[PDB]
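*Asks:* I'd like to ask you about the structure that follows.
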Amino acid sequence: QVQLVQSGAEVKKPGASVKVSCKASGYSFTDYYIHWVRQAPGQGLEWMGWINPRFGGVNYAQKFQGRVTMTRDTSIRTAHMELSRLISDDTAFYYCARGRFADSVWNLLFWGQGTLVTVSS
Amino acid sequence: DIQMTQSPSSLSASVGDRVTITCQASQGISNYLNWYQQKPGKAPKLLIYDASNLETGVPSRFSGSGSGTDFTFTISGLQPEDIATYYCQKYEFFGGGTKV
Amino acid sequence: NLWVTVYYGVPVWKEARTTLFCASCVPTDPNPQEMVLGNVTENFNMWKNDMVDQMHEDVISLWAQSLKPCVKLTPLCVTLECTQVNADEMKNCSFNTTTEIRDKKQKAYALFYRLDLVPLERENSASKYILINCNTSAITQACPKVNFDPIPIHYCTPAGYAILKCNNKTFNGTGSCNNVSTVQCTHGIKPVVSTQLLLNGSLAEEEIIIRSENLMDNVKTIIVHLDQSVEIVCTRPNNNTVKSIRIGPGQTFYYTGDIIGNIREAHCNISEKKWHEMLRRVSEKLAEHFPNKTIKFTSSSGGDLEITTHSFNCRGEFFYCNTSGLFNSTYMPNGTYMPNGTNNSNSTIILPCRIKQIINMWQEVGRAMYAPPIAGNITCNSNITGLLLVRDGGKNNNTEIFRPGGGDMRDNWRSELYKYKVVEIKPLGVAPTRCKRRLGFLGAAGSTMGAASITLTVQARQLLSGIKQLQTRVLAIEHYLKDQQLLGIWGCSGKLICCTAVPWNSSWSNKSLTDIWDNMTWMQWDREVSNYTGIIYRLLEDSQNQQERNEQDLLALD
Amino acid sequence: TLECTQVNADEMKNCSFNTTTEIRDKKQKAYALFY
Ligand SMILES: *[C@@H]1O[C@H](CO)[C@@H](O[C@@H]2O[C@H](CO)[C@@H](O[C@@H]3O[C@H](CO)[C@@H](O)[C@H](O)[C@@H]3O)[C@H](O)[C@H]2NC(C)=O)[C@H](O)[C@H]1NC(C)=O
Ligand SMILES: *[C@@H]1O[C@H](CO)[C@@H](O[C@@H]2O[C@H](CO)[C@@H](O)[C@H](O)[C@H]2NC(C)=O)[C@H](O)[C@H]1NC(C)=O
Ligand SMILES: *[C@@H]1O[C@H](CO)[C@@H](O[C@@H]2O[C@H](CO)[C@@H](O)[C@H](O)[C@H]2NC(C)=O)[C@H](O)[C@H]1NC(C)=O
Ligand SMILES: *[C@@H]1O[C@H](CO)[C@@H](O[C@@H]2O[C@H](CO)[C@@H](O)[C@H](O)[C@H]2NC(C)=O)[C@H](O)[C@H]1NC(C)=O
Ligand SMILES: *[C@@H]1O[C@H](CO)[C@@H](O)[C@H](O)[C@H]1NC(C)=O
Ligand SMILES: *[C@@H]1O[C@H](CO)[C@@H](O)[C@H](O)[C@H]1NC(C)=O
Ligand SMILES: *[C@@H]1O[C@H](CO)[C@@H](O)[C@H](O)[C@H]1NC(C)=O
Ligand SMILES: *[C@@H]1O[C@H](CO)[C@@H](O)[C@H](O)[C@H]1NC(C)=O
Ligand SMILES: *[C@@H]1O[C@H](CO)[C@@H](O)[C@H](O)[C@H]1NC(C)=O
Ligand SMILES: *[C@@H]1O[C@H](CO)[C@@H](O)[C@H](O)[C@H]1NC(C)=O
Ligand SMILES: *[C@@H]1O[C@H](CO)[C@@H](O)[C@H](O)[C@H]1NC(C)=O
Ligand SMILES: *[C@@H]1O[C@H](CO)[C@@H](O)[C@H](O)[C@H]1NC(C)=O
Ligand SMILES: *[C@@H]1O[C@H](CO)[C@@H](O)[C@H](O)[C@H]1NC(C)=O
Ligand SMILES: *[C@@H]1O[C@H](CO)[C@@H](O)[C@H](O)[C@H]1NC(C)=O
């Protein structure tokens, strides 16, 4: 069974950095792209970025460049995302997702549990 | 930039009525649109992998079709279990969502 | 009035995938014997070719078949006592290893790069380190006889198949191609491994040819195929003295003993004028695909050293250039290129390549490689013949940010096996005639059905009838024998043009003889009568069974 | 050689041993329960 297990909710102050992890179990980690999707509380789904765990390639969206770092630890099959310079507008549910096939990676069939990040004073 | 335009923003329907949701891409030239049923508190679920092809584990009551910059998603009779926000997606671009 | 006539040897082919064999592996012939197919247009798809998957498998198999009979550095996965090289970038590491006689030990000192070591304790006096990834897998030392100079590989067909080259000088890679040629073997393709920049490739005949599977998403690699090469010259100026120790019965470990003279960083020189002219033309060609957008080139946004730097093999040494002074430009729709003044310059762009020795081979994880040092210095020249770009996705203010990419080595081989398609010949077919019973390979592929029914003994003879090749020889034999058995069951054994007693049904095709034999090619005919071959073949075998029983009845009458 | 005691923390024994670790210069002490 393919599963994605993400870390629990976290609370940060403006200007802090938050690290979110997405343990991946059930499949070959180094053959599929992992997409990190940010769900604003009531404003829809922002794609934000993809990581390729084979060589660690990343493609951060042109909005979240400079603030969203993605990394991967293949020895424990876990992906990591870091978001710096948090602002109150960054409160959202951060989702880890994978495509059904390596050839077509946008068909986000497999999703983990949402990680709630709250930014407030 | 490929802006997704999704309508209606709010759809009022009872059990058994036919539900029609539209999504208008800014640029298409490819039948690559996905539809996501998001239940409150849960991560979205993929129903229509590709513009028309259906996803395993989804009953036949869900369907859709289209091409280019104009796609249509339908439900052949709304069920009590089908209350969700439906989103369209093309590549990294997500729509605004339709609350059903 | 029209009857089914069975033809064998028709210039008809279908798409298929076979295990084409290299030929540096088998000596090549004088010429590829290219037959240009007039009036033939075929659909290519560079991003779904199998010749690339086969080349990838061949390369990851030849490489892993040359390090098998080589020393494995198991005895060197020991704690190292490393100090600074002040006799960081390099460390002077002392260790106690195993010697040839399996009862003694040996003390040695080698100079390793800091990128090759991982601390076992807080890094500072000596500190403890081990070789990178030595506690996760075995590190295999390359034998001194391993050839690190790419050797051109020619892919030749097995019997029964053909390679359809594309000679349209402005083809991107996907879509219909005219002026299609048939060849027996490909040109010499060098298995050059390089990231971000394609080296020692073939240049575009006419202009810069931007090619991608879909220039609308941000996942597919964008390959820029250049028309004029930019020359890059890379060097390791350090004068190294190589020492070696024996770590087993005939297992010799080679390492850098000392360095003569000063310590200088490795670097690569690219002329500023030629690079920025290249990037100007690539920015104008990319403006033809993303109209009214701003085109920017920036450095990679993340990843491992193998994809954030320019990785290449220079006389065995594995360099890793920064390439952030190259990819720094903005081109706007007004036609002005921002970092201007680079068209009358004499400057050079010095890229500080780093050197690494324990190279994580491909991405197998469970197999590394040690590149032994070479005494003296190293200089390599190469031609930059293309770029690997990745486009940044998401919302933007009408600006594209094309950042270098790579790592996946299929996109380095999809830039020289772009014009080649593999097809399987279908020499057996049927067509209506008035007949009742009672040059080169594929040269006529574009000719009409009445001018291709004379060149049948030429596409028939070229059917030519370890495990990877032997299975395709057996498969070719099986296909030949199945076609012969079909002809025999139909009563057509020993004939290339066979008239039968099955009438033509107008529901199969209602075209007249002057609309088929005189106006259509055999490919168009196959595309027409294809849903009906399971009916025609059954009718042919039933008619032959009736004729055989009538013949034995006539031959028993007397 | 294993140094095995009874599992009173027979059918199973609590065996201590000195084995080789990942780095080919150190050793490792471990304890396992074997039948
Ligand atoms: C791209 O192609 C060029 C030219 O084919 C390659 O550079 C050439 O590499 C070979 C093999 O490393 C060099 O020959 C060697 O020379 C040394 C010293 O003379 C000798 O000891 C070796 O046995 C061998 O003959 C050759 O000189 C060199 N050419 C130039 C002009 O520098 C280049 O490496 C290729 N690039 C890639 C990334 O594969
Ligand atoms: C690397 O370190 C070794 C010692 O670990 C150095 O070798 C010693 O160099 C001194 C120089 O005065 C000699 O007197 C010693 O006899 C050498 N020892 C051995 C065991 O050979 C070596 O010179 C250092 N090399 C570099 C390049 O820093
Ligand atoms: C291989 O050895 C390296 C170096 O000892 C290990 O990396 C360390 O692992 C420990 C595990 O507790 C970490 O706390 C250290 O921070 C790591 N050090 C560095 C410099 O990264 C590595 O984990 C070992 N490999 C395996 C598979 O255990
Ligand atoms: C098996 O034996 C080992 C010792 O060989 C026991 O481990 C010790 O358990 C005591 C319990 O009080 C601890 O205080 C020691 O620190 C432990 N030693 C080590 C090295 O871990 C172990 O508990 C025994 N287990 C069973 C199931 O009998
Ligand atoms: C080699 O072995 C000796 C044994 O006394 C030890 O003192 C020394 O530190 C060892 N060398 C290294 C580099 O660990
Ligand atoms: C190559 O293909 C393009 C596709 O538009 C076509 O316009 C062009 O004429 C072709 N070139 C040749 C030499 O056939
Ligand atoms: C490549 O050329 C074909 C010719 O039919 C065209 O349809 C396709 O859009 C082109 N693609 C790119 C990425 O240039
Ligand atoms: C077709 O390719 C051949 C290859 O030799 C070339 O000579 C010929 O001029 C090409 N024709 C066109 C129309 O591009
Ligand atoms: C690169 O250019 C610099 C300019 O200072 C020069 O010193 C160096 O020798 C050149 N390197 C090569 C390999 O040509
Ligand atoms: C290249 O050098 C710049 C210098 O500022 C540095 O920031 C960058 O990280 C380096 N890139 C790589 C891939 O090491
Ligand atoms: C390195 O130094 C040695 C000894 O001085 C000398 O013989 C050799 O030619 C030098 N090599 C280079 C490449 O400078
Ligand atoms: C680069 O290409 C030019 C094209 O004329 C050629 O003369 C030169 O030898 C090539 N250089 C290398 C290093 O292959
Ligand atoms: C290709 O078509 C032209 C059309 O004029 C014709 O003259 C020529 O003979 C044809 N070539 C072949 C090989 O069928
Ligand atoms: C492990 O090695 C030590 C070395 O002093 C020894 O005393 C001990 O008995 C060994 N352990 C076992 C289980 O044999």
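Identifiers in the structure tokens: chain A, B, ... in order shown; residue index from 1 per chain; ligand index from 1 in order shown.
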From a DSSP pass on the backbone, collect the residues of chain D flagged as strand (DSSP E) and hand them back as a list in words.
*Replies:*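 Put together, the selection reads residues 3, 4, 5, 6, 13, 14, 15, 16, 17, 18, 19, 20, 27, 28, 29, 30, 31, 32, 33 and 34 of chain D.
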*Asks:* Hey, which residues come within 7 Å of ligand 14 if we count only C-alpha atoms and all ligand atoms? Could you give them as a VMD selection string?
*Replies:* chain D and resid 1 to 3 16 to 18 29
*Asks:* Can you work out which residues from chain C touch chain D at a cut-off of 12 Å (counting only C-alpha atoms) and hand them back as JSON, numbers by chain?
*Replies:* {"C": [73, 74, 75, 76, 77, 78, 79, 80, 95, 96, 97, 98, 105, 120, 129, 130, 131, 132, 133, 134, 135, 136, 137, 138]}
*Asks:* Identify which of the residues C:291, C:38, C:333, C:376 lies closest to ligand 11, counting only C-alpha atoms and all ligand atoms when measuring atom-to-atom distances.
*Replies:* C:376
*Asks:* What residues in chain C lie within 12 Å of chain A, counting only C-alpha atoms, written as a PDB file with C-alpha atoms, in the first residue's frame?
*Replies:*
ATOM      1  CA  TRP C  47      10.241  11.487 -26.569  1.00  0.00           C
ATOM      2  CA  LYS C  48       8.885   7.943 -27.026  1.00  0.00           C
ATOM      3  CA  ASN C 133      29.409   6.400   1.243  1.00  0.00           C
ATOM      4  CA  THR C 136      26.679   2.299   2.701  1.00  0.00           C
ATOM      5  CA  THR C 195      25.137  17.732 -17.322  1.00  0.00           C
ATOM      6  CA  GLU C 213       7.962  17.103 -25.386  1.00  0.00           C
ATOM      7  CA  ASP C 217       4.582  22.475 -18.524  1.00  0.00           C
ATOM      8  CA  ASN C 218       7.642  22.756 -16.253  1.00  0.00           C
ATOM      9  CA  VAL C 219       8.593  19.063 -15.999  1.00  0.00           C
ATOM     10  CA  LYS C 220       9.830  18.152 -19.469  1.00  0.00           C
ATOM     11  CA  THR C 221      13.452  18.911 -20.272  1.00  0.00           C
ATOM     12  CA  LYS C 296      15.746  35.036 -18.255  1.00  0.00           C
ATOM     13  CA  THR C 298      19.517  31.918 -14.007  1.00  0.00           C
ATOM     14  CA  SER C 299      21.474  29.316 -12.081  1.00  0.00           C
ATOM     15  CA  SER C 300      19.960  26.091 -10.789  1.00  0.00           C
ATOM     16  CA  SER C 301      17.656  26.554  -7.801  1.00  0.00           C
ATOM     17  CA  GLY C 302      18.690  23.373  -5.994  1.00  0.00           C
ATOM     18  CA  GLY C 303      19.741  19.753  -6.071  1.00  0.00           C
ATOM     19  CA  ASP C 304      22.904  17.693  -5.765  1.00  0.00           C
ATOM     20  CA  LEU C 305      26.310  18.633  -7.107  1.00  0.00           C
ATOM     21  CA  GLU C 306      25.734  16.381 -10.129  1.00  0.00           C
ATOM     22  CA  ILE C 307      22.870  18.627 -11.348  1.00  0.00           C
ATOM     23  CA  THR C 308      23.599  22.092  -9.860  1.00  0.00           C
ATOM     24  CA  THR C 309      27.066  22.167 -11.488  1.00  0.00           C
ATOM     25  CA  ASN C 360      28.308   8.170  -7.146  1.00  0.00           C
ATOM     26  CA  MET C 361      27.919   6.230 -10.392  1.00  0.00           C
ATOM     27  CA  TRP C 362      24.656   7.053 -12.201  1.00  0.00           C
ATOM     28  CA  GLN C 363      22.050   6.803  -9.407  1.00  0.00           C
ATOM     29  CA  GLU C 364      22.387   3.088  -8.594  1.00  0.00           C
ATOM     30  CA  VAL C 365      23.065   4.126  -4.939  1.00  0.00           C
ATOM     31  CA  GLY C 366      24.551   0.701  -4.134  1.00  0.00           C
ATOM     32  CA  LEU C 389      17.059  23.836 -19.747  1.00  0.00           C
ATOM     33  CA  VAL C 390      14.166  23.521 -17.294  1.00  0.00           C
ATOM     34  CA  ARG C 391      11.459  26.195 -17.182  1.00  0.00           C
ATOM     35  CA  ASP C 392      10.150  27.551 -13.881  1.00  0.00           C
ATOM     36  CA  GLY C 393       6.428  26.986 -13.374  1.00  0.00           C
ATOM     37  CA  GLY C 394       3.757  28.870 -11.474  1.00  0.00           C
ATOM     38  CA  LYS C 395       2.271  32.325 -11.761  1.00  0.00           C
ATOM     39  CA  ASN C 396       4.588  34.952 -13.209  1.00  0.00           C
ATOM     40  CA  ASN C 397       4.542  38.503 -14.553  1.00  0.00           C
ATOM     41  CA  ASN C 398       4.986  37.346 -18.164  1.00  0.00           C
ATOM     42  CA  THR C 399       8.605  36.315 -17.498  1.00  0.00           C
ATOM     43  CA  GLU C 400      10.115  32.869 -18.122  1.00  0.00           C
ATOM     44  CA  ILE C 401      13.094  31.727 -16.026  1.00  0.00           C
ATOM     45  CA  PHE C 402      14.947  28.926 -17.843  1.00  0.00           C
ATOM     46  CA  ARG C 403      17.317  27.325 -15.322  1.00  0.00           C
ATOM     47  CA  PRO C 404      19.881  24.630 -16.307  1.00  0.00           C
ATOM     48  CA  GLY C 405      18.934  21.019 -15.692  1.00  0.00           C
ATOM     49  CA  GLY C 406      20.051  17.468 -16.204  1.00  0.00           C
ATOM     50  CA  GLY C 407      20.965  14.352 -14.278  1.00  0.00           C
ATOM     51  CA  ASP C 408      18.703  12.136 -16.346  1.00  0.00           C
ATOM     52  CA  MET C 409      21.030  10.762 -18.995  1.00  0.00           C
TER      53      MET C 409
END
*Asks:* Considering only C-alpha atoms, extract the chain A residues located within 10 Å of chain B and return them as a count of residues only.
*Replies:* 30
*Asks:* How far is it from atom CA of residue 482 of chain C to atom CA of residue 182 of chain C, in Å with one decimal?
*Replies:*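 We find that atom CA of residue 482 of chain C and atom CA of residue 182 of chain C lie 25.1 Å from each other.
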*Asks:* Would you please work out which residue, of B:6, B:27, B:52, B:18, is nearest to chain C when using only C-alpha atoms?
*Replies:* B:27
*Asks:* Please give the complete set of residues from segment 285-527 of chain C that DSSP, run on the backbone, assigns to helix (DSSP H, G or I), formatted as a VMD selection string.
*Replies:* chain C and resid 285 305 to 308 461 to 463 467 to 489 513 to 516 522 to 527
*Asks:* Next, the residues of the selection above should be written as an mmCIF file, in the first residue's frame with C-alpha atoms.
*Replies:*
data_model
loop_
_atom_site.group_PDB
_atom_site.id
_atom_site.type_symbol
_atom_site.label_atom_id
_atom_site.label_comp_id
_atom_site.auth_asym_id
_atom_site.auth_seq_id
_atom_site.Cartn_x
_atom_site.Cartn_y
_atom_site.Cartn_z
ATOM 1 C CA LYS C 285 14.569 31.410 -30.614
ATOM 2 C CA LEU C 305 26.310 18.633 -7.107
ATOM 3 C CA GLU C 306 25.734 16.381 -10.129
ATOM 4 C CA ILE C 307 22.870 18.627 -11.348
ATOM 5 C CA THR C 308 23.599 22.092 -9.860
ATOM 6 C CA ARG C 461 15.906 -10.947 -49.903
ATOM 7 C CA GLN C 462 16.747 -8.392 -47.190
ATOM 8 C CA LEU C 463 14.739 -10.325 -44.607
ATOM 9 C CA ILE C 467 20.918 -13.417 -25.557
ATOM 10 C CA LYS C 468 19.766 -9.962 -26.699
ATOM 11 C CA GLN C 469 20.868 -10.620 -30.291
ATOM 12 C CA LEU C 470 20.124 -14.341 -30.431
ATOM 13 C CA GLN C 471 16.527 -13.750 -29.324
ATOM 14 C CA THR C 472 16.046 -11.321 -32.210
ATOM 15 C CA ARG C 473 17.593 -13.724 -34.696
ATOM 16 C CA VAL C 474 15.160 -16.399 -33.529
ATOM 17 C CA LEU C 475 12.302 -13.872 -33.602
ATOM 18 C CA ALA C 476 13.151 -12.869 -37.180
ATOM 19 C CA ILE C 477 13.190 -16.548 -38.153
ATOM 20 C CA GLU C 478 9.806 -17.108 -36.495
ATOM 21 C CA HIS C 479 8.256 -14.146 -38.307
ATOM 22 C CA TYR C 480 9.659 -15.286 -41.651
ATOM 23 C CA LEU C 481 8.346 -18.813 -41.132
ATOM 24 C CA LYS C 482 4.911 -17.566 -40.065
ATOM 25 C CA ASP C 483 4.675 -15.555 -43.288
ATOM 26 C CA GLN C 484 5.812 -18.564 -45.343
ATOM 27 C CA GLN C 485 3.267 -20.761 -43.561
ATOM 28 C CA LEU C 486 0.533 -18.247 -44.371
ATOM 29 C CA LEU C 487 1.545 -18.286 -48.035
ATOM 30 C CA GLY C 488 1.610 -22.088 -48.040
ATOM 31 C CA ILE C 489 -1.815 -22.512 -46.425
ATOM 32 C CA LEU C 513 -8.086 -0.349 -60.202
ATOM 33 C CA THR C 514 -6.922 3.003 -61.580
ATOM 34 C CA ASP C 515 -7.501 4.572 -58.132
ATOM 35 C CA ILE C 516 -5.408 1.918 -56.311
ATOM 36 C CA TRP C 522 1.264 0.441 -50.323
ATOM 37 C CA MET C 523 1.324 2.262 -46.967
ATOM 38 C CA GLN C 524 -1.943 4.054 -47.730
ATOM 39 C CA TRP C 525 -3.462 0.767 -48.858
ATOM 40 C CA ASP C 526 -2.358 -0.980 -45.662
ATOM 41 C CA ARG C 527 -3.900 1.864 -43.666
#
*Asks:* Using only C-alpha atoms and all ligand atoms, what does the table of chain C residues within 7 Å of ligand 9 look like, with each row giving the shortest atom pair and its distance in Å to one decimal, sorted by chain and ascending number, as a Markdown table?
*Replies:*
| residue | atom | partner | partner_atom_place_in_ligand_line | distance |
| --- | --- | --- | --- | --- |
| C:233 | CA | ligand 9 | 13 (C) | 5.2 |
| C:234 | CA | ligand 9 | 13 (C) | 5.1 |
| C:235 | CA | ligand 9 | 13 (C) | 5.0 |
| C:267 | CA | ligand 9 | 13 (C) | 7.0 |
| C:268 | CA | ligand 9 | 13 (C) | 5.9 |
| C:269 | CA | ligand 9 | 1 (C) | 4.9 |
| C:348 | CA | ligand 9 | 2 (O) | 6.2 |
| C:350 | CA | ligand 9 | 1 (C) | 6.3 |
| C:379 | CA | ligand 9 | 13 (C) | 6.6 |
*Asks:* May I ask for the distance between atom 13 (C, counted along the ligand's line) of ligand 6 and atom CA of residue 198 of chain C, given in Å to one decimal place?
*Replies:* 25.3 Å
*Asks:* State, in Å with one decimal place, the distance from atom 20 (C, counted along the ligand's line) of ligand 3 to atom CA of residue 73 of chain A.
*Replies:*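 According to the coordinates, atom 20 (C, counted along the ligand's line) of ligand 3 and atom CA of residue 73 of chain A are separated by 13.4 Å.
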*Asks:* Near residue 533 of chain C, counting only C-alpha atoms, which residues have an atom at most 12 Å away, once you skip same-chain residues fewer than 3 positions from it, shown as number ranges by chain?
*Replies:* C: 4, 6, 428-431, 508, 525-530, 536-540
*Asks:* Write the residues of the preceding selection, restricted to C-alpha atoms, as a JSON list (two decimals), in the first residue's frame.
*Replies:*
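Dumped to selection08.json:
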[["chain", "number", "residue", "atom", "x", "y", "z"],
["C", 4, "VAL", "CA", -7.66, -11.01, -54.03],
["C", 6, "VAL", "CA", -1.50, -11.94, -52.45],
["C", 428, "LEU", "CA", 2.86, -9.81, -46.84],
["C", 429, "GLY", "CA", -0.26, -8.07, -48.10],
["C", 430, "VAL", "CA", -3.27, -8.33, -50.39],
["C", 431, "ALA", "CA", -4.79, -6.15, -53.10],
["C", 508, "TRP", "CA", -13.38, -3.92, -48.05],
["C", 525, "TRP", "CA", -3.46, 0.77, -48.86],
["C", 526, "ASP", "CA", -2.36, -0.98, -45.66],
["C", 527, "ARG", "CA", -3.90, 1.86, -43.67],
["C", 528, "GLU", "CA", -7.11, 1.32, -45.65],
["C", 529, "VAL", "CA", -7.51, -2.49, -45.65],
["C", 530, "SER", "CA", -6.35, -3.32, -42.12],
["C", 536, "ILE", "CA", -9.44, -12.09, -46.07],
["C", 537, "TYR", "CA", -6.93, -14.52, -44.54],
["C", 538, "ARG", "CA", -9.72, -16.83, -43.37],
["C", 539, "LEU", "CA", -11.33, -16.75, -46.82],
["C", 540, "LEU", "CA", -7.99, -17.55, -48.44]]
*Asks:* Neighbouring residues of ligand 12 are defined here as those with any atom at most 7 Å from a ligand atom, counting only C-alpha atoms and all ligand atoms; list them as number ranges by chain.
*Replies:* C: 200, 229, 231, 381-383
*Asks:* Please determine, counting only C-alpha atoms and all ligand atoms, which residue among C:283, C:263, C:448, C:207 has the shortest atom-to-atom distance to ligand 13.
*Replies:*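 When distances to ligand 13 are compared using only C-alpha atoms and all ligand atoms, the smallest one comes from C:448.
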*Asks:* Kindly compile the residues surrounding ligand 11 within 10 Å, counting only C-alpha atoms and all ligand atoms, and format them as an mmCIF file with N, CA and C atoms, in the first residue's frame.
*Replies:*
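The resulting result_18.cif:
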data_model
loop_
_atom_site.group_PDB
_atom_site.id
_atom_site.type_symbol
_atom_site.label_atom_id
_atom_site.label_comp_id
_atom_site.auth_asym_id
_atom_site.auth_seq_id
_atom_site.Cartn_x
_atom_site.Cartn_y
_atom_site.Cartn_z
ATOM 1 N N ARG C 236 43.026 21.197 -15.022
ATOM 2 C CA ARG C 236 43.382 20.994 -13.617
ATOM 3 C C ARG C 236 44.852 21.384 -13.522
ATOM 4 N N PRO C 237 45.189 22.612 -13.112
ATOM 5 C CA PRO C 237 46.591 23.048 -13.205
ATOM 6 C C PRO C 237 47.527 22.413 -12.190
ATOM 7 N N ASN C 238 47.037 21.667 -11.205
ATOM 8 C CA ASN C 238 47.925 21.163 -10.167
ATOM 9 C C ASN C 238 48.819 20.065 -10.728
ATOM 10 N N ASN C 239 50.092 20.090 -10.333
ATOM 11 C CA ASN C 239 51.064 19.071 -10.733
ATOM 12 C C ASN C 239 51.064 17.995 -9.656
ATOM 13 N N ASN C 240 50.312 16.923 -9.885
ATOM 14 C CA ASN C 240 50.135 15.876 -8.888
ATOM 15 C C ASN C 240 51.184 14.787 -9.054
ATOM 16 N N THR C 241 51.647 14.263 -7.924
ATOM 17 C CA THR C 241 52.530 13.106 -7.869
ATOM 18 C C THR C 241 51.703 11.945 -7.342
ATOM 19 N N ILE C 259 51.703 17.091 -4.085
ATOM 20 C CA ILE C 259 51.488 18.034 -5.175
ATOM 21 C C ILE C 259 52.725 18.910 -5.263
ATOM 22 N N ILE C 260 53.272 19.021 -6.463
ATOM 23 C CA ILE C 260 54.483 19.786 -6.717
ATOM 24 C C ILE C 260 54.074 21.197 -7.113
ATOM 25 N N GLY C 261 54.689 22.186 -6.479
ATOM 26 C CA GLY C 261 54.346 23.571 -6.726
ATOM 27 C C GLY C 261 53.223 24.022 -5.813
ATOM 28 N N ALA C 375 49.011 11.586 -12.652
ATOM 29 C CA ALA C 375 50.149 12.443 -12.353
ATOM 30 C C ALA C 375 50.270 13.554 -13.390
ATOM 31 N N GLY C 376 50.795 14.695 -12.950
ATOM 32 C CA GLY C 376 50.907 15.853 -13.813
ATOM 33 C C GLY C 376 49.627 16.655 -13.793
ATOM 34 N N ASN C 377 49.319 17.321 -14.901
ATOM 35 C CA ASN C 377 48.139 18.161 -15.022
ATOM 36 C C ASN C 377 47.284 17.638 -16.166
ATOM 37 N N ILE C 378 46.090 18.209 -16.295
ATOM 38 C CA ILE C 378 45.110 17.781 -17.285
ATOM 39 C C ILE C 378 44.520 19.022 -17.935
#
